[PDB]
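**Q** no letters, just coordinates:
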């Protein structure tokens, strides 16, 4: 069996900082291997046999440990280091992987660039009305979106989706969607996508008025 | 350069069978232990089994969950690795990777790009793609954000490019959201004002499962 436990689940580091993460084995293992995985891609061999750097891996990375305790260290974190790092052993069947450590790059606050879009005519003719709101390139990741239809806030019908941290600017993005039928969309005038974020007390507000054309 | 390219993922109903492939190149395919590892949504990586090399008599070993249901084999003439899965079930939905062990029960030095398997009884449905343009003269600041709503499809995935990938910068394709057997995603592109509407901005959307391939040109409106 032997279960691998990684900590911390999330690790925050500013470019320039030195960071270490740990892999703990519930029972002694001979070697621990590490992998780096960026969302939308497959895991890549990062450190093997405890402390050897896989080909291409930056010398700022190093690995160490023995028995039940192992760790990976980045001497000087760089923004491209944002990724989830997994540890792995092959002591008995089956070889198992730890749960991972996500490296989150710390950067300055950045307010979202908010864009609101009324339903497309094409969708609308089909009987549906999806109001879309993009809240792009912000930081930190925590953010609240509120929808208001003529001053009245509603939560039903909203479907949110966030992206993973950008590898160059280290920001996050989000898309919020208010879904109604064509008919419901035509019983109101004002549509507002309101964003409460750390970058300010007052919310960002983007609106439009339904303009029958 | 060692390389592993998988093919075969897709939707299959519970009880169904499906075989995945992994084309290999760059090393002697017969001298290595070849594995398959899956990554289910929000779950840890899970090794499934292997097939050995020539010296060891090409023996196979499977994990307790897939033991019996899954079979691994090598193709007779092509350097292809297979994963035959039978009596599939919802819990098997995941991204599947073929991986090479550098030795015997050592580590996975090379991985494939991954292929996805969805096990469900919900029906294949092409996406409805709509263009997103502001409803008013919105220039005042500068740069302009446009989008596309890819709605009501199944199963995953769909691929979205902007101007055939010409437009690489300023794109944010968002992770699909599933609701009652149907997926919906959206993508935004942020382009300089000089290029639009002056220079055509189109979102290419492909949903293989349905062979669908649509290009919605974002047209200004008011």
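**A** Great, that's in hand. Numbers count the residues shown, from 1 in each chain, chains lettered A, B, ... in the order given.
**Q** care to break chain B down by domain?
**A** B:1-121, B:122-220 (curated CATH domains).
**Q** how long is the last one from one end to the other?
**A** Which is domain B:122-220. Domain B:122-220 has an end-to-end distance of 36 Å (CA to CA, to the nearest Å).
**Q** coming back round to it: reformat the domains of chain B as JSON lines; add distance to residue A:86 and mean neighbour count.
**A** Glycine gets a C-beta too; all of them are placed from N, C-alpha and C. Output for the domains of chain B, formatted as JSON lines (distance: least, CB to CB, whole Å; neighbours: other CB atoms under 10 Å in any protein chain shown):
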{"stretch": "domain B:1-121", "distance to residue A:86": "6", "mean neighbour count": "17"}
{"stretch": "domain B:122-220", "distance to residue A:86": "20", "mean neighbour count": "17"}
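**Q** relative to residue A:187, which of the ones you listed is closest?
**A** Closest approach to residue A:187 among those is made by domain B:122-220 (18.0 Å; CB to CB).
**Q** about what we covered before: residue A:180 is nearest to which of the domains of chain B?
**A** So among the domains of chain B, domain B:122-220 is nearest, using CB to CB, at 13.4 Å.
**Q** middle-most residue in chain A, spatially?
**A** residue A:164 (3.0 Å; CA atoms, centre = their mean).
**Q** quick one, phi/psi of that one?
**A** Main-chain torsions, residue A:164, degrees, to the nearest 10: phi -90, psi 160.
**Q** three-state assignment of the closest residue to it other than its chain neighbours?
**A** Counting by CB to CB, 6 or more residues apart in numbering or on different chains, the nearest residue to residue A:164 once its immediate chain neighbours are dropped is residue A:39, at 4.3 Å. Under the three-state scheme (DSSP: H, G, I helix; E, B strand; the rest coil), residue A:39 adopts coil.
**Q** and for residue A:183?
**A** Following three-state DSSP, the label given to residue A:183 is helix.
**Q** residues near it, how many?
**A** Using other CB atoms under 10 Å in any protein chain shown, residue A:183 has 10 other residues around it.
**Q** report the separation between it and residue B:180.
**A** Using CB to CB, to the nearest Å, residue A:183 is found at 20 Å from residue B:180.
**Q** follow-up on the earlier one: tell me which of the domains of chain B sits nearest to residue A:74.
**A** domain B:1-121 (20.0 Å).
**Q** ends of that closest one, what's the gap?
**A** 40 Å.
**Q** how about the contacts made by the nearest residue to residue A:61 once chain neighbours are set aside?
**A** Leaving out its chain neighbours, the residue that sits closest to residue A:61 by CB to CB, 6+ apart is residue A:74, at 5.7 Å. Residues near residue A:74 by CB atoms under 8 Å, 6 or more residues apart in numbering or on different chains: A:13, A:18, A:19, A:20, A:60, A:61, A:81, A:103.
**Q** can you select the buried ones from those in ChimeraX?
**A** Buried subset of those, written as a ChimeraX selection, criterion 16 or more other CB atoms under 10 Å in any protein chain shown:
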select /A:13,19,61,81,103
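**Q** show me chain A divided up by domain.
**A** According to curated CATH domains, the domains of chain A span A:1-107, A:108-213.
**Q** redo these as TSV? Include distance to residue B:41.
**A** Output for the domains of chain A, formatted as TSV (distance: least, CB to CB, whole Å):
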stretch	distance to residue B:41
domain A:1-107	12
domain A:108-213	14
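**Q** quickly list what residue B:24 is bridged to.
**A** Bridge pairing for residue B:24 (DSSP bridges) gives the partners residue B:4.
**Q** before we move on, what about residue B:130?
**A** residue B:149.
**Q** residues touching it, list them.
**A** With the criterion set at CB under 8 Å, 6+ apart, residue B:130 makes contact with A:119, A:120, A:122, A:123, A:130, B:148, B:149, B:151, B:216.
**Q** nearest to residue B:222, of these?
**A** Once CB to CB is applied, the member of these that ends up nearest residue B:222 is residue A:120, at 13.7 Å.
**Q** any idea how far residue A:174 is from the closest one?
**A** Going from residue A:120 to residue A:174 by CB to CB gives 20 Å.
**Q** right, I'll leave it there.
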